[PDB]
Amino acid sequence: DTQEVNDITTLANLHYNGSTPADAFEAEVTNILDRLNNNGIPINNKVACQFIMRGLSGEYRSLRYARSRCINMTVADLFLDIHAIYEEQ
Amino acid sequence: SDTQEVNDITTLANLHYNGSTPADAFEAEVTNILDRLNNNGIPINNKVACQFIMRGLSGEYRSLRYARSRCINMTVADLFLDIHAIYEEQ
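All residue numbers refer to a per-chain count from 1 along the written sequence rather than necessarily to the numbering of the entry. Residues that lack coordinates are not shown. Chain A is the first chain written and ligand 1 is the first ligand written, with later ones labelled in order. Excluding hydrogens and water, the side-chain figures rest on all heavy atoms present in the structure. Residues with missing side-chain atoms are left out of burial classes, side-chain pairs and their counts.

- X-ray crystallography is the method the PDB entry lists for this structure, together with a resolution of 3.184 Å.

Below, the structure is given as structure tokens:
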């Protein structure tokens, strides 16, 4: 009953600093976006990008410098950058 | 401006009302958030909007959360009337 509200809240309160696997973070955010699109709440690529960048902490905060191109960025590309920084760790 | 949708969704997720501000301004802020989100392509159902507004109710207005069983059964307008009733009584 609250699946949409909890998913939107978790999308709004994303937080990543590299202490957990970047692949798991990517997959769980993708599940949030997928359940929200199936429940009637479409999240554009720019909006999902903005949320994920607001959630990046630590070295990943560096990625926020590209936040001007959140429209030009892709959720997949941002997730790949996160995976690269995580592989460097 | 570019992040307007994210800011509106964040404000909708962290609503907070306890009666210290006018209920008209609170209703207006919730309605503006919902309207901008629907105009930008993010439709918030009546049940979802009710759940969001009720999660924010504090103080005596916490009593209103007891009607949370009727989220689909209740419109945003009815919740706003309840909030206005408690505020006018205060």
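### Considering the overall build of chain A
Now for step 1: Only DSSP runs of H or I reaching four residues or more are called helices, and only runs of E reaching two or more are called strands; each is numbered from the N terminus. Each helix and strand counted, chain A has four helices and zero strands in total.
Now for step 2: Put simply, chain A runs from its N terminus to its C terminus through helices and strands in the order α-α-α-α.
Now for step 3: Every radius of gyration here is taken over C-alpha atoms, with the globule rule written as 2.2 Å times N^0.38, N being the number of residues. Relative to a compact globule of 89 residues, whose C-alpha radius of gyration would be 12 Å, chain A shows 13 Å and is just as compact.
Now for step 4: Overall, the C-alpha framework of chain A stretches about 40 × 25 × 15 Å when taken along its three principal axes.
Now for step 5: Here, two residues are considered to be in contact whenever any of their heavy atoms come within 4.5 Å of each other. In chain A, the proportion of contacts linking residues at least 24 apart, taken out of those at least 6 apart, comes to 64%.

### Examining helix 2 (residues 22-38) of chain A
Now for step 1: Helix length check: helix 2 of chain A (17 residues) gives 24 Å between terminal C-alpha atoms against 24 Å at 1.5 Å per residue, within 8%.
Now for step 2: A:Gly40 sits one or two residues past helix 2 of chain A and shows a positive phi near 95 degrees. Here a helix's expected span is defined as the number of its residues, less one, multiplied by 1.5 Å.

### Quick notes on the interface of chain A and chain B
Now for step 1: Facing the 15 residues of chain A at the interface are 16 residues of chain B.
Now for step 2: The element contributing the most residues to the side of chain A that touches chain B is helix 1 (residues 3-12) of chain A, with four residues.
Now for step 3: When residues are grouped by polarity, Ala, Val, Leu, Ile, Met, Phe, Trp, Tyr, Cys and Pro land in nonpolar, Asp, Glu, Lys and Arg in charged, and all others, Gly among them, in polar. The residue inventory of the side of chain A that touches chain B, partitioned by class, reads seven nonpolar, six polar and two charged.

### Examining the pattern of salt bridges
Now for step 1: A salt bridge links A:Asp7 to A:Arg35; the shortest N-O distance between them is 3.0 Å. Taken together, the residues A:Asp7 in helix 1 and A:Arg35 in helix 2 connect sequence positions 28 residues apart.
Now for step 2: Across the pair B:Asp8 and B:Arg36 runs a salt bridge whose closest N-O atoms are separated by 2.9 Å. Taken together, the residues span a long stretch of sequence, with B:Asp8 in helix 1 (residues 4-13) and B:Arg36 in helix 2 (residues 23-39) at a distance of 28 residues. A pairing counts as a salt bridge when a side-chain nitrogen of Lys or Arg comes within 4 Å of a carboxyl oxygen of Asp or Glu.

### As for the packing of aromatic side chains
How two aromatic rings sit relative to each other is set out by the distance from centre to centre and by the angle between their planes.
Residue and element names in this part refer to chain A.
Now for step 1: Think of it this way: a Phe, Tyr or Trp ring, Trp meaning its six-membered ring, pairs with another when their centres are within 6.5 Å, and the plane angle makes it stacked under 30 degrees, edge-to-face over 60, tilted otherwise. With 4.6 Å between their ring centres and 20 degrees between their planes, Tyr 16 and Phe 25 make a pair best called stacked.
Now for step 2: An angle of 80 degrees between the planes, with centres 5.0 Å apart, marks the rings of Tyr 16 and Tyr 60 as edge-to-face. Taken as a pair, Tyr 16 in the loop between helix 1 and helix 2 and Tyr 60 in the loop between helix 3 (45-55) and helix 4 (75-88) lie far apart in primary sequence, 44 residues in all.
Now for step 3: In textbook terms, an aromatic cluster arises when at least three aromatic residues are bridged by ring pairs, as seen for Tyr 16, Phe 25, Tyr 60 and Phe 79.

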